[PDB]
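**Student:** Structure file structure36.cif (mmCIF, C-alpha atoms and all ligand atoms) right here:
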data_work
loop_
_atom_site.label_atom_id
_atom_site.label_comp_id
_atom_site.auth_asym_id
_atom_site.auth_seq_id
_atom_site.Cartn_x
_atom_site.Cartn_y
_atom_site.Cartn_z
CA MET A 43 21.94 7.98 6.28
CA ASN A 44 21.22 7.94 2.53
CA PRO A 45 19.94 4.66 1.02
CA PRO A 46 21.25 3.57 -2.38
CA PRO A 47 19.42 5.50 -5.13
CA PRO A 48 16.76 3.69 -7.19
CA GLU A 49 18.19 1.65 -10.04
CA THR A 50 18.41 3.19 -13.49
CA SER A 51 19.61 0.02 -15.26
CA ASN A 52 18.59 -3.58 -14.92
CA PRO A 53 20.04 -5.80 -17.65
CA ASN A 54 17.58 -8.66 -17.10
CA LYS A 55 14.55 -6.31 -17.11
CA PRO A 56 12.91 -6.37 -20.58
CA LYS A 57 13.22 -2.94 -22.17
CA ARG A 58 10.96 -1.38 -24.77
CA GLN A 59 11.03 1.85 -26.76
CA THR A 60 7.54 3.10 -27.58
CA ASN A 61 6.43 6.44 -29.01
CA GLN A 62 4.73 7.30 -25.71
CA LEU A 63 8.01 6.68 -23.87
CA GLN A 64 10.02 8.87 -26.27
CA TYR A 65 7.41 11.57 -25.65
CA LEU A 66 7.69 11.30 -21.86
CA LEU A 67 11.38 12.08 -22.19
CA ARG A 68 11.32 14.63 -25.01
CA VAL A 69 8.14 16.52 -24.09
CA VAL A 70 6.81 15.68 -20.64
CA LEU A 71 9.93 15.27 -18.49
CA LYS A 72 12.22 17.78 -20.20
CA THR A 73 9.68 20.56 -19.72
CA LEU A 74 8.80 19.75 -16.11
CA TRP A 75 12.58 19.83 -15.65
CA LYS A 76 12.65 23.48 -16.74
CA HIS A 77 9.91 24.54 -14.31
CA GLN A 78 11.02 26.90 -11.54
CA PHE A 79 9.82 24.43 -8.86
CA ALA A 80 11.64 21.47 -10.41
CA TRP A 81 14.98 21.73 -8.61
CA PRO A 82 14.02 19.81 -5.41
CA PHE A 83 12.81 16.87 -7.50
CA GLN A 84 15.78 16.64 -9.90
CA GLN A 85 17.81 14.27 -7.68
CA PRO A 86 17.17 11.82 -4.85
CA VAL A 87 16.39 13.44 -1.52
CA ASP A 88 19.73 13.85 0.27
CA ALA A 89 18.81 13.20 3.90
CA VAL A 90 22.37 14.06 4.96
CA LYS A 91 22.52 17.37 3.12
CA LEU A 92 19.08 18.25 4.48
CA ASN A 93 19.81 16.97 8.01
CA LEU A 94 16.60 14.94 7.72
CA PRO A 95 17.45 11.51 9.20
CA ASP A 96 13.69 11.01 9.33
CA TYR A 97 12.94 11.06 5.60
CA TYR A 98 13.90 7.48 4.72
CA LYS A 99 12.32 6.21 7.93
CA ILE A 100 8.95 7.35 6.53
CA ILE A 101 9.42 7.07 2.77
CA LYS A 102 10.30 3.48 1.83
CA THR A 103 9.86 3.81 -1.99
CA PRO A 104 11.83 6.93 -2.96
CA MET A 105 11.59 8.40 -6.43
CA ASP A 106 12.83 11.56 -8.13
CA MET A 107 12.81 13.06 -11.61
CA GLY A 108 16.58 12.64 -11.82
CA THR A 109 16.03 8.88 -11.54
CA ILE A 110 13.12 9.00 -13.99
CA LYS A 111 15.17 10.92 -16.55
CA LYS A 112 17.97 8.35 -16.42
CA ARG A 113 15.48 5.49 -16.73
CA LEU A 114 14.00 7.15 -19.83
CA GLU A 115 17.40 7.84 -21.42
CA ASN A 116 18.46 4.22 -20.71
CA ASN A 117 15.25 2.60 -22.01
CA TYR A 118 14.56 1.11 -18.59
CA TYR A 119 10.78 1.02 -18.99
CA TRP A 120 8.51 -1.48 -20.70
CA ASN A 121 5.72 1.06 -21.27
CA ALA A 122 4.68 4.62 -20.50
CA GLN A 123 2.39 3.49 -17.68
CA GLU A 124 5.42 2.23 -15.75
CA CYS A 125 7.03 5.68 -16.06
CA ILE A 126 3.80 7.45 -15.08
CA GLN A 127 3.75 5.26 -11.96
CA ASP A 128 7.19 6.56 -11.04
CA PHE A 129 6.01 10.17 -11.37
CA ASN A 130 3.02 9.45 -9.14
CA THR A 131 5.30 7.82 -6.54
CA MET A 132 7.43 10.95 -6.58
CA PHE A 133 4.39 13.18 -5.99
CA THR A 134 2.75 10.90 -3.41
CA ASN A 135 6.02 10.64 -1.43
CA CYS A 136 6.06 14.44 -1.12
CA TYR A 137 2.41 14.58 0.06
CA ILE A 138 3.01 11.74 2.52
CA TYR A 139 6.18 13.19 4.05
CA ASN A 140 5.04 16.82 4.20
CA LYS A 141 1.79 18.53 5.15
CA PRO A 142 -0.80 20.50 3.14
CA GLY A 143 0.40 24.04 2.57
CA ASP A 144 4.12 23.35 3.04
CA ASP A 145 6.26 25.07 0.42
CA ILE A 146 7.53 21.75 -0.95
CA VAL A 147 3.95 20.46 -1.33
CA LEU A 148 3.02 23.60 -3.26
CA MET A 149 5.89 22.81 -5.63
CA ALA A 150 4.72 19.20 -5.98
CA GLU A 151 1.12 20.33 -6.60
CA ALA A 152 2.18 22.75 -9.33
CA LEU A 153 4.41 20.17 -11.01
CA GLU A 154 1.69 17.50 -10.81
CA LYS A 155 -0.93 19.69 -12.50
CA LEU A 156 1.49 20.61 -15.25
CA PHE A 157 2.39 16.91 -15.50
CA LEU A 158 -1.25 15.79 -15.77
CA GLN A 159 -1.87 18.52 -18.35
CA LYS A 160 0.97 17.16 -20.53
CA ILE A 161 0.06 13.47 -20.40
CA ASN A 162 -3.66 14.05 -20.91
CA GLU A 163 -2.79 13.30 -24.55
CA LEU A 164 0.07 10.99 -25.55
CA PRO A 165 1.17 9.89 -29.02
CA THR A 166 -0.49 6.79 -30.44
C1 LIG B 201 12.30 16.11 2.16
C2 LIG B 201 11.18 17.00 1.65
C3 LIG B 201 10.65 16.47 0.29
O1 LIG B 201 9.53 15.66 0.22
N1 LIG B 201 11.36 16.78 -0.93
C4 LIG B 201 10.87 16.28 -2.22
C5 LIG B 201 12.49 17.63 -0.87
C6 LIG B 201 13.60 17.83 -1.99
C7 LIG B 201 14.58 18.68 -1.83
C8 LIG B 201 14.70 19.38 -0.81
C9 LIG B 201 15.90 20.32 -0.73
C10 LIG B 201 15.88 21.58 -0.12
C11 LIG B 201 17.20 22.12 -0.26
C12 LIG B 201 18.00 21.19 -0.95
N2 LIG B 201 17.20 20.05 -1.25
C13 LIG B 201 13.93 19.40 0.24
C14 LIG B 201 12.65 18.47 0.30
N3 LIG B 201 11.70 18.35 1.38
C15 LIG B 201 11.21 19.50 2.15
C16 LIG B 201 11.34 19.88 3.64
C17 LIG B 201 11.78 20.86 2.58
#
Now, as a test, write the supplied structure out as structure tokens.

**Tutor:**
Amino acid sequence: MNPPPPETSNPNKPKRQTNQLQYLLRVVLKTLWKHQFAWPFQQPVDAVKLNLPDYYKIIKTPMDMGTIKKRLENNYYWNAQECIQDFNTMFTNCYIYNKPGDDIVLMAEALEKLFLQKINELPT
């Protein structure tokens, strides 16, 4: 019922280590991680544990902060924009699967606004 998690390594993918990417890990991610609403987004959605066989029938591009953290630690990304895309996929997935006002959407909304606050300004 659970698909394979997103990849966190890809040896033929060209990696790069930029100051903006070190800041996504050290500042942006690792503080979202400590938020009280972070825990549902710290690993892939477990459709078996949740008894939600419907999740991966709706969400075809899954993403979680657990995956993003490992991609940052492993220098998976070419630039910060690629990592910011993964965050936005994580948020959008939650808004697509759930409905306005759901508890999980409130958590996503709060994390997103803190996220956007923190990447308004990145190192140069
Ligand atoms: C599937 C949907 C969703 O979009 N996310 C991101 C998510 C992540 C984690 C958990 C979760 C609850 C208890 C253990 N894990 C639940 C969700 N939900 C929503 C329906 C409660």

**Student:** I'd like a table as CSV: residues in stretch 45-93 of chain A with an atom no more than 8 Å from stretch 110-130 of chain A, each row giving the shortest atom pair and its distance in Å to one decimal, all atoms listed in the file counted, sorted by chain and rising residue number.

**Tutor:**
residue,atom,partner,partner_atom,distance
A:50,CA,A:113,CA,4.9
A:51,CA,A:118,CA,6.1
A:52,CA,A:118,CA,7.2
A:55,CA,A:118,CA,7.6
A:56,CA,A:120,CA,6.6
A:57,CA,A:120,CA,5.1
A:58,CA,A:120,CA,4.8
A:59,CA,A:117,CA,6.4
A:60,CA,A:121,CA,6.9
A:62,CA,A:122,CA,5.9
A:63,CA,A:122,CA,5.2
A:64,CA,A:114,CA,7.8
A:66,CA,A:122,CA,7.5
A:67,CA,A:114,CA,6.1
A:71,CA,A:111,CA,7.1

**Student:** Which chain A residues have any atom within 8 Å of an atom of ligand LIG 201 (chain B), and for each, what is the nearest pair of atoms with distance in Å to one decimal, counting only C-alpha atoms and all ligand atoms, rows sorted by chain and number, as CSV?

**Tutor:**
residue,atom,partner,partner_atom,distance
A:81,CA,B:LIG201,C7,7.4
A:82,CA,B:LIG201,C7,3.8
A:83,CA,B:LIG201,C6,5.6
A:85,CA,B:LIG201,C6,7.9
A:86,CA,B:LIG201,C6,7.6
A:87,CA,B:LIG201,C6,5.2
A:88,CA,B:LIG201,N2,6.9
A:89,CA,B:LIG201,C1,7.3
A:91,CA,B:LIG201,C12,7.2
A:92,CA,B:LIG201,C12,6.3
A:94,CA,B:LIG201,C1,7.1
A:97,CA,B:LIG201,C1,6.1
A:106,CA,B:LIG201,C4,7.8
A:132,CA,B:LIG201,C4,7.7
A:135,CA,B:LIG201,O1,6.3
A:136,CA,B:LIG201,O1,3.9
A:137,CA,B:LIG201,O1,7.2
A:138,CA,B:LIG201,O1,7.9
A:139,CA,B:LIG201,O1,5.7
A:140,CA,B:LIG201,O1,6.1
A:145,CA,B:LIG201,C17,7.3
A:146,CA,B:LIG201,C15,5.3
A:147,CA,B:LIG201,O1,7.5
A:150,CA,B:LIG201,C4,7.8

**Student:** In Å, rounded to a single decimal, give me how far atom CA of residue A:44 is from atom CA of residue A:157.

**Tutor:**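 Taking atom CA of residue A:157 and atom CA of residue A:44, their separation equals 27.6 Å.
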
**Student:** One decimal, in Å: what's the spacing between atom CA of residue A:65 and atom CA of residue A:152?

**Tutor:**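 Between these atoms lies a distance of 20.5 Å.
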
**Student:** Using only C-alpha atoms, which residue out of A:101, A:54, A:109, A:133 lies closest to residue A:148?

**Tutor:**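 With only C-alpha atoms as the atom set, the closest residue is A:133.
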
**Student:** Nearest to residue A:108 among A:155, A:77, A:72, A:141, with distances taken over all atoms listed in the file: which residue is it?

**Tutor:** A:72

**Student:** Name the closest residue to residue A:159 among the candidates A:99, A:143, A:45, A:73; distances are taken between atoms, counting only C-alpha atoms.

**Tutor:**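 Smallest distance to residue A:159 is found for A:73.
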
**Student:** Determine the nearest neighbour of residue A:162 from the options A:98, A:46, A:61, A:70, counting all atoms listed in the file.

**Tutor:**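 So, comparing all the options, the nearest one is A:70.
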
**Student:** Around all the atoms of stretch 53-68 of chain A listed in the file, with 8 Å of room on each side, what axis-aligned box do you get, giving centre and edge lengths in Å to one decimal, as AutoDock Vina command-line options?

**Tutor:**
--center_x 12.4 --center_y 3.0 --center_z -23.1 --size_x 31.3 --size_y 39.3 --size_z 27.9

**Student:** Can you measure atom CA of residue A:103 to atom CA of residue A:80 for me? One decimal in Å is fine.

**Tutor:** 19.6 Å

**Student:** Considering all atoms listed in the file, state which residue in the set A:161, A:90, A:43, A:149 is at the smallest distance from residue A:69.

**Tutor:** A:161

**Student:** Go through A:163, A:107, A:47, A:156 and flag the residue nearest residue A:75, using only C-alpha atoms for the distances.

**Tutor:**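 Ranked by minimum distance to residue A:75, first place goes to A:107.
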